[PDB]
Amino acid sequence: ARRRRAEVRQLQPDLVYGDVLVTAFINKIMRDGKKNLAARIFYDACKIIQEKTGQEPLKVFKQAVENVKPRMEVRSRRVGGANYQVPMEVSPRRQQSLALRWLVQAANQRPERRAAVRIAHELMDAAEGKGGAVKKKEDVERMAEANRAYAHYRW
Amino acid sequence: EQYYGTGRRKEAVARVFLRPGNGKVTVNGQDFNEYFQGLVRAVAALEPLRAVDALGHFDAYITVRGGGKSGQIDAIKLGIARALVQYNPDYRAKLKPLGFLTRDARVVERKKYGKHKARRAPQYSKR
Amino acid sequence: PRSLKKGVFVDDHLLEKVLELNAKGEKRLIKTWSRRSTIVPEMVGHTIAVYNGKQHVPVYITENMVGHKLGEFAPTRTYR
Amino acid sequence: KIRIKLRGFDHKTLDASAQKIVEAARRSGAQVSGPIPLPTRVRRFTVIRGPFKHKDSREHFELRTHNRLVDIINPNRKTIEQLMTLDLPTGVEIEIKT
Amino acid sequence: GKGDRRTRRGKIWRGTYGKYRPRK
Amino acid sequence: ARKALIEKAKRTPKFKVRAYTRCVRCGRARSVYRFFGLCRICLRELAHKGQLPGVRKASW
Amino acid sequence: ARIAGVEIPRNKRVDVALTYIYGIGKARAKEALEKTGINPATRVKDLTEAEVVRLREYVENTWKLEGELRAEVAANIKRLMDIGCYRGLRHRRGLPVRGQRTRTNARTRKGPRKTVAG
RNA sequence: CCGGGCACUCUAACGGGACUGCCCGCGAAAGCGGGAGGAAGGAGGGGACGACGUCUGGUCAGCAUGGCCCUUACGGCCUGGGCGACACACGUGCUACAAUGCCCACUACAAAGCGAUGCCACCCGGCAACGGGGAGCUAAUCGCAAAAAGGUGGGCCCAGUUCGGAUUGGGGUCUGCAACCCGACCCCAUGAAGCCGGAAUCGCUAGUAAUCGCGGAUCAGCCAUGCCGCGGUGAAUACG
Ligand SMILES: [Mg+2]
Ligand SMILES: [Mg+2]
Ligand SMILES: [Mg+2]
Ligand SMILES: [Mg+2]
Ligand SMILES: [Mg+2]
Ligand SMILES: [Mg+2]
Ligand SMILES: [Mg+2]
Ligand SMILES: [Mg+2]
Ligand SMILES: [Mg+2]
Ligand SMILES: [Mg+2]
Ligand SMILES: [Mg+2]
Ligand SMILES: [Mg+2]
Ligand SMILES: [Mg+2]
Ligand SMILES: [Mg+2]
Ligand SMILES: [Mg+2]
Ligand SMILES: [Mg+2]
Ligand SMILES: [Mg+2]
Ligand SMILES: [Mg+2]
Ligand SMILES: [Mg+2]
Ligand SMILES: [Mg+2]
Ligand SMILES: [Mg+2]
Ligand SMILES: [Mg+2]
Ligand SMILES: [Mg+2]
Ligand SMILES: [Mg+2]
Ligand SMILES: [Mg+2]
Ligand SMILES: [Mg+2]
Ligand SMILES: [Mg+2]
Ligand SMILES: [Mg+2]
Ligand SMILES: [Mg+2]
Ligand SMILES: [Mg+2]
Ligand SMILES: [Mg+2]
Ligand SMILES: [Mg+2]
Ligand SMILES: [Mg+2]
Ligand SMILES: [Mg+2]
Ligand SMILES: [Mg+2]
Ligand SMILES: [Mg+2]
Ligand SMILES: [Zn+2]
C-alpha cells in the first residue's frame, strides 16, 4: 500500500453464531477454496468441545483466541551495517491474524487423526493456557523483553 | 396473491415466486433441503425473510438454473428480496441497509494471453 | 504391447523375392531397404542386409526372431 | 409451414433484410411470428502478433454468424407477391424449408 | 492420483474410458 | 518457401497421408489455418487489410 | 496363512492382502475372491481353512506366479537379449525401452545421476 | 409430452442509466472527506488501444528485397535414416509425497465452443480400448455430454500403505502404404523415487491467488502435462 491505507476486508457474519471472528477463523481453516469442508470441520469441532466440556464453544473459541494474542513482537531494521531485532507493540488488527493463524497451524501439528478433533483439542488447550499456539505466543513475547535493549529504535 | 422477483448472481438465475402459506420452500420440484443441505451457506438465501420476520408467512416456489449451487443460493437471496419489496414497498427501508437488494456484479475475470489464468504470470528464471 | 491386429504387414518387395528363393534353395545376402515389414517363418535360415540409412548390415535370421521386424537388428544410432 | 433462415456476418444486414420481409408479408398474411433472433456462432482465431516468436504477444479476431427466423403463418399469394426478387442486402443469405 | 491410469480420476484426466471408467 | 515444395498443390500424393496444408498466399509450410487456407501471418495481414468478410477485432 | 509359494499375508482384508503375492494385483484378487465365493472384507486371521484351501486351489494353478514369473520374465529378457534385438540392446546398457527421451529424465532406468565436469 | 400462451428465464438488435447531478463539511478553484437515493459511484469490473524515440534489439527460414556466391550442381526426384541421440547442466511444466486424503457406489449445479462422411444418441459383441448394426442432426431442435471438485453411503486407519504410477514383461484395439528406430489407447502382471525439498528464487491486492473440471485451434493419428479460451468453489494480507 504505497498510496492509500488499504482498508480492511469486512467479513460476513457467521451463519451459526452470527460472529465475524468465527468466519475469519473458518477462512484460515479453508484450503484450496473449499469453504464447505472448512466449515464442517469447525462446526463438528464445536460439537467436540461442547460434549467433552460442558461449556459453550463460542466462549471457549474467544477465550482461546484471547490467550494467543501477542502484546509485543520483534521486527528487523537496517542500522549501521547488520540489522537488529527491534521490539515493538502489536496492532490490535495484527493480534487478530496472528492468533488465528497460529491456532490453525498449531492444531495441524497435533497427533490426532481427524481434523475437527485437532481443532477442538487445540482450542481447549489454548483456552487453558497450554497447547502449541500459546507457545508461539509466549515465545514471541520472549523475543521482545530480551532485545529490550533496542527499544529506542521504535520506528 | 403472489409476488415475484428475478435475482441474479455470477451467471445464475432463480425465479422467486412468493405465496402466503405455511413456510415450506420448493426448488426445482424438490424440497429446499433436498437440493441444498450438505451446503452450510444454504440458509443465507432465506436471510431476507428473517430480516423482516417473514418466515412463517410465505411459501416459495423457485426455479434455479445456471452457474453452480453457491451462486444459486445468492441468486435466490436476491429474488426473495425482490419479491419481498413488491409485496410491501415499505420493506425497502429495512432491507436496504443489509444490501440484500444489491446485485453482486463480481464475475469470473476473463483469461488473458501471455498469462496462465488471467492474472497469474508464468514464472521466469533470469539465470 | 505391439499390435497389427490382422494381415500382419510385410512389404511386397522381399516377399515375392524370398518365396522364390526358396524354390531354388537358400541364397546369399539380400538387399533390403524395407524395414517396415515384419518377419515370417519362411525367412528363417536366410541372410538379409538391412539398411541403417548409411550401411547394409547382414542379418542372420533364426527361429527365435520370427515375431519381430527387420531393422530391430539393424540399429541406427552410433554411440561410444 | 414456411421456415425462412437468415444468416450473415453483419447484424445490420439481417435486420435490414428481415424487417423488409415482414413489411411485405404483413400486408397480406396473418400476424407473422416475427423476427426471432437465434444465437450466434462465433469462430475465434488467436494468432501470434509477429513472425518468428514473441509467442506472448498474440492478438485474436472473431467472425460471428448471426441468425434469424421468420415463419409466416398461412401465407398464400399477396405475401409471395412481394417475395420473388425485391431485396437489396448483399451479404445476407436466405434459405427456405417447408 | 491423476497419474494412475487404472483409477477413475486418472481416466478422466486423460479423457479416456475403459474398465476403470465406463461410459454408461 | 521453395517453389519446388509447392508440389503439394499437384498432390496426386500416392498416399493420402502426405497431403498438407501449405498456406496459399505466402507458401507457408508451418502454421496454416484450415478455414481461410491462409497462414497465421497471411491471415493477420488480410484481416487488417479488410479483405476477409465478417472478421473483426476480438474484444471481451 | 500360506497361499502361493511361501506367502503369508495377515491381519488385513484378504483382497488387499493377496496383493502381497507376486503375480496378483487388485484385479486378480478381486477375481479370486469372486470365483471362490469369499467375502473380501474379512480379516486374514478370521479366514476359514476350508476357504483358505479353496483359495490356494484356485490361485496356485490358475496363473503362473512368484518363482516362475520372475524366471519367465528374466528368461523373456535374455531371449530378446540373446537375439540382436534393439529392445535387447536398450536392456543391456540399462536405458529406457518404450522409446522415451534420454537427454533428460532417464533416472528410473539409468541409476540416478553421476555427474561430470564442464 | 400435447393443447396453448409470452408473463418469466433466455436468445440478440436498439435504447435508458452516472453527471461529483443532490445534502453536510473543508477549499480561492480544480478537487478531497462523508451521507442519501440507486443494480451500479468518483476510472463500477475486464478488454481492444502503446507517443517522439531507445536497444546497430528479432526475423533476409513466412513473405517481399539490394548486393555477393552456386549452377550435371548449394538446384530436383525418391527410398532409408536423422531432427526423438545421453557420462552430464539449466529453464518451463505435470504428477505426487497423502486422512482438510485415497478408492468404490449413488446422486446434483456450469459456461463457452465444435460437428455432413463429420458429431455419433441407441441396440448387440467384447472386462475393456474398440468392432458390427443404426437413429437423429446442413444443428437454441440431434450429437460431443460425463462437467469435476460437491453431496449422501460405505471401505481404507497413519503404514513406502487401498498413498505414489515411474519402470518393465505379457496380451490386444485404432489411425495410417507402413508404428524397429519413433504413435496414442486398453487389459494383466511388475509397483521405483518421493514422508513437502540446501543456498537461492517465483506469482498474485478480489471473483484475485489457490483449487476443480470443460472446450477449441493445428490434426488421419498423436508423444498437448503446451497454447488459447470457459465456467464451478473461493481465501489470506497491505503498519508503512
Ligand atoms: Mg550491504
Ligand atoms: Mg543489512
Ligand atoms: Mg539480519
Ligand atoms: Mg539482528
Ligand atoms: Mg478459474
Ligand atoms: Mg467473462
Ligand atoms: Mg509460456
Ligand atoms: Mg507460443
Ligand atoms: Mg503486448
Ligand atoms: Mg491409486
Ligand atoms: Mg524464396
Ligand atoms: Mg499431415
Ligand atoms: Mg503464392
Ligand atoms: Mg470503468
Ligand atoms: Mg476502461
Ligand atoms: Mg469501462
Ligand atoms: Mg545485430
Ligand atoms: Mg533492427
Ligand atoms: Mg506478401
Ligand atoms: Mg527439436
Ligand atoms: Mg559420451
Ligand atoms: Mg565419453
Ligand atoms: Mg443424452
Ligand atoms: Mg456390455
Ligand atoms: Mg429453433
Ligand atoms: Mg427446442
Ligand atoms: Mg432452427
Ligand atoms: Mg465419506
Ligand atoms: Mg525410499
Ligand atoms: Mg501401493
Ligand atoms: Mg506417510
Ligand atoms: Mg495491480
Ligand atoms: Mg485433435
Ligand atoms: Mg514419446
Ligand atoms: Mg489435448
Ligand atoms: Mg485439453
Ligand atoms: Zn501465409
# chains A, B, ... in the order shown; residues from 1 in each chain; ligands from 1
>>> residues_around(residues="residue 32 of chain C", least_positions_apart="3", cutoff="9 Å", atoms="only C-alpha atoms (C1' of nucleotides)", output="list in words")
residues 13, 14, 35, 48, 49, 50, 51 and 56 of chain C
>>> residues_around(residues="residue 19 of chain B", least_positions_apart="6", cutoff="9 Å", atoms="only C-alpha atoms (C1' of nucleotides)", output="list in words")
residues 1, 2, 3, 4, 57, 58, 59, 60 and 61 of chain B
>>> write_last_selection(atoms="N, CA and C atoms", output="PDB file, in the first residue's frame")
ATOM      1  N   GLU B   1     -51.826 -12.035  -3.536  1.00  0.00           N
ATOM      2  CA  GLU B   1     -51.944 -13.412  -4.001  1.00  0.00           C
ATOM      3  C   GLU B   1     -50.563 -14.012  -4.277  1.00  0.00           C
ATOM      4  N   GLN B   2     -49.724 -13.276  -5.006  1.00  0.00           N
ATOM      5  CA  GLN B   2     -48.416 -13.785  -5.395  1.00  0.00           C
ATOM      6  C   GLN B   2     -47.488 -12.627  -5.734  1.00  0.00           C
ATOM      7  N   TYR B   3     -46.211 -12.805  -5.417  1.00  0.00           N
ATOM      8  CA  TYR B   3     -45.217 -11.757  -5.596  1.00  0.00           C
ATOM      9  C   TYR B   3     -43.920 -12.386  -6.081  1.00  0.00           C
ATOM     10  N   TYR B   4     -43.199 -11.656  -6.933  1.00  0.00           N
ATOM     11  CA  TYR B   4     -42.093 -12.238  -7.682  1.00  0.00           C
ATOM     12  C   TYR B   4     -40.933 -11.256  -7.823  1.00  0.00           C
ATOM     13  N   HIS B  57     -44.868 -16.629   7.073  1.00  0.00           N
ATOM     14  CA  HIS B  57     -45.947 -16.029   6.296  1.00  0.00           C
ATOM     15  C   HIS B  57     -46.053 -16.639   4.903  1.00  0.00           C
ATOM     16  N   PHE B  58     -44.918 -16.892   4.252  1.00  0.00           N
ATOM     17  CA  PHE B  58     -44.881 -17.225   2.835  1.00  0.00           C
ATOM     18  C   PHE B  58     -44.416 -18.654   2.597  1.00  0.00           C
ATOM     19  N   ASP B  59     -44.967 -19.261   1.549  1.00  0.00           N
ATOM     20  CA  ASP B  59     -44.321 -20.354   0.841  1.00  0.00           C
ATOM     21  C   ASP B  59     -43.494 -19.770  -0.302  1.00  0.00           C
ATOM     22  N   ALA B  60     -42.714 -20.623  -0.959  1.00  0.00           N
ATOM     23  CA  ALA B  60     -41.868 -20.156  -2.053  1.00  0.00           C
ATOM     24  C   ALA B  60     -41.635 -21.278  -3.049  1.00  0.00           C
ATOM     25  N   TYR B  61     -41.876 -20.991  -4.322  1.00  0.00           N
ATOM     26  CA  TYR B  61     -41.605 -21.929  -5.401  1.00  0.00           C
ATOM     27  C   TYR B  61     -40.577 -21.288  -6.314  1.00  0.00           C
TER      28      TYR B  61
END
>>> residues_around(residues="segment 65-77 of chain C", least_positions_apart="4", cutoff="8 Å", atoms="only C-alpha atoms (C1' of nucleotides)", output="PyMOL selection string")
(chain C and resi 34-41+44+50-53+57+59+61) or (chain G and resi 83-87) or (chain H and resi 81+85+180-181)
>>> residues_around(residues="residue 26 of chain C", least_positions_apart="6", cutoff="12 Å", atoms="only C-alpha atoms (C1' of nucleotides)", output="short mmCIF file (atom, residue, chain, number, x, y, z; two decimals) with N, CA and C atoms, in the first residue's frame")
data_model
loop_
_atom_site.label_atom_id
_atom_site.label_comp_id
_atom_site.auth_asym_id
_atom_site.auth_seq_id
_atom_site.Cartn_x
_atom_site.Cartn_y
_atom_site.Cartn_z
N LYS C 17 10.24 -61.96 -53.40
CA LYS C 17 11.64 -62.29 -53.61
C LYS C 17 12.08 -63.46 -52.75
N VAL C 18 11.64 -63.49 -51.48
CA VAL C 18 12.10 -64.55 -50.59
C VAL C 18 11.46 -65.88 -50.94
N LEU C 19 10.16 -65.88 -51.27
CA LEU C 19 9.47 -67.14 -51.52
C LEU C 19 9.93 -67.77 -52.83
N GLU C 20 10.44 -66.96 -53.76
CA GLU C 20 11.02 -67.51 -54.97
C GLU C 20 12.43 -68.04 -54.73
N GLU C 42 9.04 -68.22 -43.18
CA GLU C 42 9.76 -68.66 -44.36
C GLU C 42 11.02 -67.86 -44.63
N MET C 43 11.43 -66.99 -43.72
CA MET C 43 12.70 -66.30 -43.84
C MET C 43 13.82 -66.99 -43.08
N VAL C 44 13.49 -67.87 -42.14
CA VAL C 44 14.49 -68.44 -41.24
C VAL C 44 15.54 -69.19 -42.04
N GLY C 45 16.81 -68.90 -41.74
CA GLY C 45 17.93 -69.53 -42.40
C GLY C 45 18.59 -68.68 -43.47
N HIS C 46 17.93 -67.62 -43.92
CA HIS C 46 18.49 -66.75 -44.95
C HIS C 46 19.47 -65.76 -44.32
N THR C 47 19.93 -64.81 -45.12
CA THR C 47 20.67 -63.65 -44.64
C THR C 47 20.16 -62.44 -45.42
N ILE C 48 19.95 -61.32 -44.71
CA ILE C 48 19.35 -60.13 -45.30
C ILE C 48 20.12 -58.90 -44.84
#
>>> residues_around(residues="segment 59-73 of chain G", least_positions_apart="2", cutoff="10 Å", atoms="only C-alpha atoms (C1' of nucleotides)", output="PDB file with C-alpha atoms (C1' of nucleotides), in the first residue's frame")
ATOM      1  CA  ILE G   3      -1.468 -69.142  -0.258  1.00  0.00           C
ATOM      2  CA  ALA G   4       1.102 -69.199  -3.053  1.00  0.00           C
ATOM      3  CA  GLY G   5       4.654 -70.402  -2.848  1.00  0.00           C
ATOM      4  CA  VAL G   6       5.626 -69.319   0.626  1.00  0.00           C
ATOM      5  CA  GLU G   7       3.477 -66.227   1.128  1.00  0.00           C
ATOM      6  CA  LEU G  18      -3.406 -61.105  -1.709  1.00  0.00           C
ATOM      7  CA  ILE G  21       1.567 -62.110  -3.674  1.00  0.00           C
ATOM      8  CA  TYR G  22       3.749 -61.576  -6.720  1.00  0.00           C
ATOM      9  CA  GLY G  23       1.539 -62.252  -9.717  1.00  0.00           C
ATOM     10  CA  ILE G  24      -1.564 -60.798  -8.031  1.00  0.00           C
ATOM     11  CA  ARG G  28      -6.696 -60.789  -9.749  1.00  0.00           C
ATOM     12  CA  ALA G  29      -7.517 -60.775  -6.028  1.00  0.00           C
ATOM     13  CA  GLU G  31     -11.351 -62.176  -9.218  1.00  0.00           C
ATOM     14  CA  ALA G  32     -10.248 -64.960  -6.864  1.00  0.00           C
ATOM     15  CA  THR G  36     -14.019 -68.735  -4.749  1.00  0.00           C
ATOM     16  CA  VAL G  53      -7.695 -74.264   0.848  1.00  0.00           C
ATOM     17  CA  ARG G  54     -10.232 -73.165  -1.783  1.00  0.00           C
ATOM     18  CA  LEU G  55      -8.165 -70.010  -2.339  1.00  0.00           C
ATOM     19  CA  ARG G  56      -4.867 -71.884  -2.603  1.00  0.00           C
ATOM     20  CA  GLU G  57      -6.506 -74.319  -5.046  1.00  0.00           C
ATOM     21  CA  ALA G  75      14.068 -65.503 -19.438  1.00  0.00           C
ATOM     22  CA  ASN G  76      11.929 -63.172 -21.561  1.00  0.00           C
ATOM     23  CA  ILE G  77      14.778 -60.655 -21.353  1.00  0.00           C
ATOM     24  CA  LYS G  78      17.688 -62.967 -22.211  1.00  0.00           C
ATOM     25  CA  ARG G  79      15.604 -64.096 -25.187  1.00  0.00           C
TER      26      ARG G  79
ATOM     27  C1'   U H 168       9.485 -53.264 -17.010  1.00  0.00           C
ATOM     28  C1'   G H 169       7.328 -58.277 -19.040  1.00  0.00           C
ATOM     29  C1'   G H 170       2.984 -60.010 -21.500  1.00  0.00           C
ATOM     30  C1'   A H 189       1.428 -58.591 -14.116  1.00  0.00           C
ATOM     31  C1'   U H 190       5.549 -55.557 -12.143  1.00  0.00           C
TER      32        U H 190
END
>>> residues_around(residues="residue 24 of chain E", least_positions_apart="5", cutoff="12 Å", atoms="only C-alpha atoms (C1' of nucleotides)", output="number ranges by chain")
E: 17-19; H: 122, 145-146
>>> residues_near_ligand(ligand="ligand 24", cutoff="12 Å", atoms="only C-alpha atoms (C1' of nucleotides) and all ligand atoms", output="VMD selection string")
(chain E and resid 18 to 19 22 to 24) or (chain H and resid 123 to 128)
>>> write_last_selection(atoms="N, CA and C atoms (P, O5', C5', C4', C3', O3' and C1' of nucleotides)", output="PDB file, in the first residue's frame")
ATOM      1  N   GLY E  18     -12.700 -46.988 -20.154  1.00  0.00           N
ATOM      2  CA  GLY E  18     -12.276 -48.376 -20.055  1.00  0.00           C
ATOM      3  C   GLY E  18     -12.975 -49.104 -18.928  1.00  0.00           C
ATOM      4  N   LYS E  19     -12.282 -50.111 -18.389  1.00  0.00           N
ATOM      5  CA  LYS E  19     -12.844 -50.873 -17.280  1.00  0.00           C
ATOM      6  C   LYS E  19     -12.914 -50.031 -16.014  1.00  0.00           C
ATOM      7  N   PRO E  22     -16.218 -46.657 -17.029  1.00  0.00           N
ATOM      8  CA  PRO E  22     -17.105 -46.920 -18.170  1.00  0.00           C
ATOM      9  C   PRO E  22     -17.798 -45.660 -18.668  1.00  0.00           C
ATOM     10  N   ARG E  23     -18.580 -45.796 -19.739  1.00  0.00           N
ATOM     11  CA  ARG E  23     -19.369 -44.686 -20.267  1.00  0.00           C
ATOM     12  C   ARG E  23     -20.786 -44.678 -19.693  1.00  0.00           C
ATOM     13  N   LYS E  24     -21.519 -45.781 -19.839  1.00  0.00           N
ATOM     14  CA  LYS E  24     -22.810 -45.917 -19.168  1.00  0.00           C
ATOM     15  C   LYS E  24     -23.269 -47.368 -19.180  1.00  0.00           C
TER      16      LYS E  24
ATOM     17  P     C H 123     -29.296 -48.763 -25.022  1.00  0.00           P
ATOM     18  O5'   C H 123     -29.251 -49.943 -26.093  1.00  0.00           O
ATOM     19  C5'   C H 123     -30.439 -50.625 -26.466  1.00  0.00           C
ATOM     20  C4'   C H 123     -30.214 -51.594 -27.602  1.00  0.00           C
ATOM     21  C3'   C H 123     -29.102 -52.614 -27.424  1.00  0.00           C
ATOM     22  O3'   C H 123     -29.474 -53.706 -26.604  1.00  0.00           O
ATOM     23  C1'   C H 123     -29.010 -51.696 -29.608  1.00  0.00           C
ATOM     24  P     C H 124     -28.378 -54.410 -25.667  1.00  0.00           P
ATOM     25  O5'   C H 124     -27.544 -55.335 -26.664  1.00  0.00           O
ATOM     26  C5'   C H 124     -28.129 -56.478 -27.268  1.00  0.00           C
ATOM     27  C4'   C H 124     -27.208 -57.091 -28.292  1.00  0.00           C
ATOM     28  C3'   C H 124     -25.823 -57.481 -27.797  1.00  0.00           C
ATOM     29  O3'   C H 124     -25.796 -58.723 -27.121  1.00  0.00           O
ATOM     30  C1'   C H 124     -25.619 -56.279 -29.814  1.00  0.00           C
ATOM     31  P     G H 125     -24.674 -59.015 -26.007  1.00  0.00           P
ATOM     32  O5'   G H 125     -23.320 -59.124 -26.836  1.00  0.00           O
ATOM     33  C5'   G H 125     -23.077 -60.228 -27.694  1.00  0.00           C
ATOM     34  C4'   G H 125     -21.677 -60.185 -28.240  1.00  0.00           C
ATOM     35  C3'   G H 125     -20.589 -59.922 -27.213  1.00  0.00           C
ATOM     36  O3'   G H 125     -20.208 -61.072 -26.483  1.00  0.00           O
ATOM     37  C1'   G H 125     -20.290 -58.461 -29.025  1.00  0.00           C
ATOM     38  P     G H 126     -20.028 -60.968 -24.890  1.00  0.00           P
ATOM     39  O5'   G H 126     -18.570 -60.360 -24.703  1.00  0.00           O
ATOM     40  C5'   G H 126     -17.460 -60.890 -25.412  1.00  0.00           C
ATOM     41  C4'   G H 126     -16.348 -59.879 -25.543  1.00  0.00           C
ATOM     42  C3'   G H 126     -15.978 -59.122 -24.276  1.00  0.00           C
ATOM     43  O3'   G H 126     -15.182 -59.859 -23.372  1.00  0.00           O
ATOM     44  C1'   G H 126     -16.231 -57.582 -26.013  1.00  0.00           C
ATOM     45  P     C H 127     -15.735 -60.115 -21.887  1.00  0.00           P
ATOM     46  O5'   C H 127     -15.745 -58.666 -21.218  1.00  0.00           O
ATOM     47  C5'   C H 127     -16.494 -58.402 -20.037  1.00  0.00           C
ATOM     48  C4'   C H 127     -15.804 -57.389 -19.154  1.00  0.00           C
ATOM     49  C3'   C H 127     -15.430 -56.067 -19.812  1.00  0.00           C
ATOM     50  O3'   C H 127     -16.510 -55.149 -19.864  1.00  0.00           O
ATOM     51  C1'   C H 127     -13.574 -56.904 -18.603  1.00  0.00           C
ATOM     52  P     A H 128     -17.008 -54.551 -21.272  1.00  0.00           P
ATOM     53  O5'   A H 128     -15.828 -53.573 -21.707  1.00  0.00           O
ATOM     54  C5'   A H 128     -15.535 -52.398 -20.964  1.00  0.00           C
ATOM     55  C4'   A H 128     -14.097 -51.982 -21.144  1.00  0.00           C
ATOM     56  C3'   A H 128     -13.735 -51.379 -22.493  1.00  0.00           C
ATOM     57  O3'   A H 128     -14.014 -49.992 -22.547  1.00  0.00           O
ATOM     58  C1'   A H 128     -12.118 -53.006 -21.858  1.00  0.00           C
TER      59        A H 128
END
>>> residues_near_ligand(ligand="ligand 29", cutoff="12 Å", atoms="only C-alpha atoms (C1' of nucleotides) and all ligand atoms", output="PyMOL selection string")
chain H and resi 97+160+164+192-195
>>> write_last_selection(atoms="C-alpha atoms (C1' of nucleotides)", output="PDB file, in the first residue's frame")
ATOM      1  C1'   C H  97       4.822 -37.471  -1.225  1.00  0.00           C
ATOM      2  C1'   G H 160       6.626 -46.712   1.062  1.00  0.00           C
ATOM      3  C1'   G H 164       2.567 -42.594  -5.286  1.00  0.00           C
ATOM      4  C1'   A H 192      10.726 -47.184  -8.443  1.00  0.00           C
ATOM      5  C1'   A H 193      11.880 -42.474  -6.440  1.00  0.00           C
ATOM      6  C1'   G H 194       9.237 -39.498  -3.391  1.00  0.00           C
ATOM      7  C1'   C H 195       7.387 -38.958   4.072  1.00  0.00           C
TER       8        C H 195
END
>>> residues_near_ligand(ligand="ligand 7", cutoff="10 Å", atoms="only C-alpha atoms (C1' of nucleotides) and all ligand atoms", output="PyMOL selection string")
(chain B and resi 113-116+121-124) or (chain D and resi 54-56) or (chain H and resi 92-93+226-227)
>>> residues_near_ligand(ligand="ligand 28", cutoff="12 Å", atoms="only C-alpha atoms (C1' of nucleotides) and all ligand atoms", output="list in words")
residues 37 of chain A; 99, 101, 102, 103, 104, 105, 151, 152, 153, 154, 155 and 156 of chain H
